[PDB]
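The structure under discussion appears below in the form of structure tokens.
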Amino acid sequence: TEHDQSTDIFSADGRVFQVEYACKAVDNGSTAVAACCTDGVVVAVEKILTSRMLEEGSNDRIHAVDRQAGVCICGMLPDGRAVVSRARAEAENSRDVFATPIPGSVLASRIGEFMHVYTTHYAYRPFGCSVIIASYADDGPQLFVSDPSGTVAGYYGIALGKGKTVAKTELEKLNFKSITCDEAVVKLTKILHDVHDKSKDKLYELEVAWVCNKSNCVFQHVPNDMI
Amino acid sequence: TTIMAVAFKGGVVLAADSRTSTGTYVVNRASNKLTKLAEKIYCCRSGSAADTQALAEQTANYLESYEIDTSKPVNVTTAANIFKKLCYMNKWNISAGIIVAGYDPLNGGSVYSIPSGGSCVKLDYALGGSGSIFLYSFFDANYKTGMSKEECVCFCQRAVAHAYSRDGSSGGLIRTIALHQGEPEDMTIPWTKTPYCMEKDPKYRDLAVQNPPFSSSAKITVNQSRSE
């Protein structure tokens with residue numbers, strides 16, 4: 001059992017255990033849900049509060065990466081943050097070098113590539129976050145997840161973290177051809193309030209952002225009067 | 001400068017812009033580049049104003065003497081040759097490009113170009129000055145033989161205006177003069193009645209989209225006009 005100490009090593013079954021373990025961080029972190037709608041994308045996360053004396057806006061999991069794109073970090077927050085800075089450099093690169101807002105599929109590709117590389121060198125470790133990518137550039141509304149392996153997949157709706165198996169069951173009852181950004185903000189908030197465990201995490205708040213036709217395709221936290 | 005002369009049946013027209021410049025700054029905005037050499041012979045001056053004023057004055061002095069001796073009006077070719085020789089003898093010491101044109105009863109309207117270096121060429125039209133290089137194609141495309149006096153004045157005014165709208169070193173008034181068997185006719189058009197400028201041409205009204213707003217699309221539409 002020396003085969004699980006570096007991520008530069010296959011196990012005998014063809015697994016990379018350092019990457020499995022990092023995925024376990026994510027699966028024990030807080031629950032986030034997202035929905036790709038007709039007019040945009042909505043993300044909602046649940047912040048577990050470590051203290052009643054935090055200012056509001058502390059330990060934000062949702063960050064803007066470009067005028068039209070944002071990420072929600074699920075898993076370890078500072079790991080997630082290093083991923084946010086790369087995502088911004090990519091987004092900036094695309095405007096600087098190619099004169100275009102980055103497409104959502106391309107930004108997700110580049111984030112994956114980035115997370116993948118810390119899965120191959122003895123000297124580094126995998127990231128301990130998944131990153132939800134929400135975009136609305138010339139390719140329309142897109143929602144991608146990258147994970148610690150560097151796998152990237154597009155979604156209509158999704159849920160990560162500890163609540164994720166129930167949240168997934170409720171996200172299945174939505175209708176993704178009709179639903180708008182306004183309806184989703186309501187429904188996703190209801191799902192985070194129901195999968196919340198009250199025994200274990202007494203202090204929480206919800207964070208919620210969006211990029212829609214309302215917001216003039218700008219990624220932004222939703223105005224706090226809509227929960 | 002933009003100068004030119006054009007022959008028509010019976011006469012010539014001479015045209016010029018009105019600007020004198022140091023390169024970047026206009027020292028006179030109302031010069032008169034159509035200089036009289038005899039009753040029906042004029043020249044259009046380009047280059048150093050000091051040089052072309054001195055050579056025109058000198059050419060005029062000689063022709064007035066010659067007309068008193070002969071007792072006859074002087075032919076254009078004589079004006080042109082006197083000038084040419086002055087332009088050739090001093091070629092290394094001056095910057096001058098000249099057009100001599102005129103009317104005389106023996107040969108009608110005639111036009112001579114006398115460019116830098118002092119050659120002398122007898123033509124149906126002549127262009128000169130910095131602004132000339134914008135009019136070759138104009139004339140190739142739009143000029144015709146057989147034009148009347150009135151067509152030719154108008155055409156000259158429109159050529160000068162095309163030249164001076166693109167040449168930084170030309171501008172101001174458009175002066176013309178028409179020389180023929182009758183009395184000399186001069187005309188001055190102010191910049192506010194110019195027949196062409198880019199400021200009033202409708203294909204340059206709408207501005208290039210150099211300053212689009214920060215947007216979530218690669219689509220280009222309008223210049224940003226107000227802060228966000």
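In the text below, chain A, chain B and the rest are named by the order of the sequence lines, each starting its count at 1.
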- Query: Does the B:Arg19 side chain pair with the main chain of B:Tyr164, one donor and one acceptor, at a distance under 3.5 Å?
  - Reply: no

- Item | Ion pair B:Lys144/B:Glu151, N-O distance below 4.0 Å | no

- Item | side chain to side chain donor-acceptor pair (under 3.5 Å) evaluation trace for B:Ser170 with B:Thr2 | CA-CA 6 Å; B:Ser170 292; B:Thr2 296; 2.8 Å; yes

- Item | Those residues that, when tested against B:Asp186, pass salt bridge (charged side-chain N to carboxylate O under 4.0 Å, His left out) (two or more places apart) | none

- Query: Just by distance, do the side chain of A:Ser94 and the backbone of A:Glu90 share a donor-acceptor pair under 3.5 Å?
  - Reply: no

- A:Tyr156 OH: over 12 foreign heavy atoms closer than 6.0 Å: no

- Message: Are B:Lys40 and B:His180 packed together at the side-chain level, in the sense that at least one heavy-atom pair is separated by less than 4.5 angstrom?
- Response: no

- Query: side chain to side chain donor-acceptor pair (under 3.5 Å): which pairs involve residues 67-92 of chain B, sequence neighbours left out?
  - Reply: none

- Flag side-chain contact, heavy atom, 4.5 Å: B:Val13 against B:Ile177: no

- Residues which pass ring-ring contact (aromatic ring centres under 6.0 Å, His included) with A:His121, listed by chain and number, not counting sequence neighbours: A:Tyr124

- Task: Enumerate the residue pairs fulfilling salt bridge (charged side-chain N to carboxylate O under 4.0 Å, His left out) with a member in residues 103-113 of chain A, sequence neighbours excluded, ordered by first and then second residue.
- Result: A:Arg110-A:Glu113

- Message: Could you work out, with ring-ring contact (aromatic ring centres under 6.0 Å, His included) as the rule, every residue matching A:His116, not counting sequence neighbours?
- Response: none

- Derivation and outcome, ring-ring contact (aromatic ring centres under 6.0 Å, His included), residues B:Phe83 and B:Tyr62: CA-CA 10 Å; B:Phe83 221 129; B:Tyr62 294 141; over 10 Å; no

- Task: Please confirm whether the backbone N or O of A:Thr120 pairs with a side-chain atom of A:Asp8, one donor and one acceptor, at under 3.5 Å?
- Result: no

- Would you call A:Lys168-A:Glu172 a salt bridge at under 4.0 Å N-O? no

- Donor-acceptor under 3.5 Å (B:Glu64 side chain, B:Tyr66 main chain): no

- Message: Which residue is it: A:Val222, A:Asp182, A:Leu188? I am looking for the one with a side chain to side chain contact (heavy atoms under 4.5 Å, CB included) to A:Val42.
- Response: A:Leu188

- With sequence neighbours excluded, give me every side chain to side chain donor-acceptor pair (under 3.5 Å) pair touching residues 103-122 of chain B. none

- Can you list every salt bridge (charged side-chain N to carboxylate O under 4.0 Å, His left out) pair that touches residues 27-36 of chain B, not counting sequence neighbours? B:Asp17-B:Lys33

- Query: Residues in salt bridge (charged side-chain N to carboxylate O under 4.0 Å, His left out) with A:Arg95, at least two apart?
  - Reply: A:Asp66

- B:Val6 side chain reached by B:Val111 side chain, heavy atoms, under 4.5 Å: no

- Please confirm whether the backbone N or O of B:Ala161 pairs with a side-chain atom of B:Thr194, one donor and one acceptor, at under 3.5 Å? no

- Message: Quick one, B:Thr176 and B:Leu14 - any side-chain contact, counting heavy atoms below 4.5 Å?
- Response: no

- Message: Determine whether a donor-acceptor pair (N or O, by modelled atom type, separation under 3.5 Å) exists between the side chain of B:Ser18 and the backbone of B:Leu173.
- Response: yes

- Message: Listing request: all side chain to side chain donor-acceptor pair (under 3.5 Å) pairs with a residue in residues 125-143 of chain B, at least two apart in sequence or in separate chains.
- Response: B:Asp124-B:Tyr143, B:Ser130-B:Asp167

- Item | Neighbour count >12 (heavy atoms, 6.0 Å) for atom CD1, B:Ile133 | no

- Message: So does A:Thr151 get a backbone contact from the side chain of A:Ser149, meaning a donor-acceptor N/O pair under 3.5 Å?
- Response: yes

- Message: Closer than 3.5 angstrom, by distance alone: can the side chain of A:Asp60 be matched with the main-chain N or O of A:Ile62 as a donor-acceptor pair?
- Response: no

- Test item: A:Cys37 and A:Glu183 side chains (from C-beta on) under 4.5 Å apart, heavy atoms: no

- Query: Within the distance-only criterion (no hydrogens, no angle test), does the side chain of A:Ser178 pair as donor or acceptor with the backbone N or O of A:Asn175 below 3.5 angstrom?
  - Reply: no

- Message: Within the 4.5 Å heavy-atom criterion, are A:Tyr136 and A:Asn213 side-chain neighbours or not?
- Response: yes

- Pairwise side chain to side chain donor-acceptor pair (under 3.5 Å) hits with a residue in residues 214-223 of chain B, at least two apart: A:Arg67-B:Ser216, A:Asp138-B:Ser217

- ring pair (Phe, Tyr, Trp, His ring centres under 6.0 Å) contacts in which one or both residues fall within residues 74-114 of chain A, not counting sequence neighbours: A:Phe114-A:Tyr118, A:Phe114-A:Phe127

- Task: Give a yes or no answer on whether the side chain of A:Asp79 reaches the backbone of A:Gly128 with a donor-acceptor pair at less than 3.5 Å.
- Result: yes

- Message: With a 4.5 Å cut-off on side-chain heavy atoms, are A:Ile133 and A:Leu143 touching?
- Response: no

- Heavy atoms, side chains only, cut-off 4.5 Å: are B:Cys87 and B:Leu55 in contact? yes

- Task: Not counting sequence neighbours, which residues clear ring-ring contact (aromatic ring centres under 6.0 Å, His included) with B:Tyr196? List them please.
- Result: B:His162

- Item | Pairing of A:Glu207 and A:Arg61 as salt bridge, 4.0 angstrom limit | no

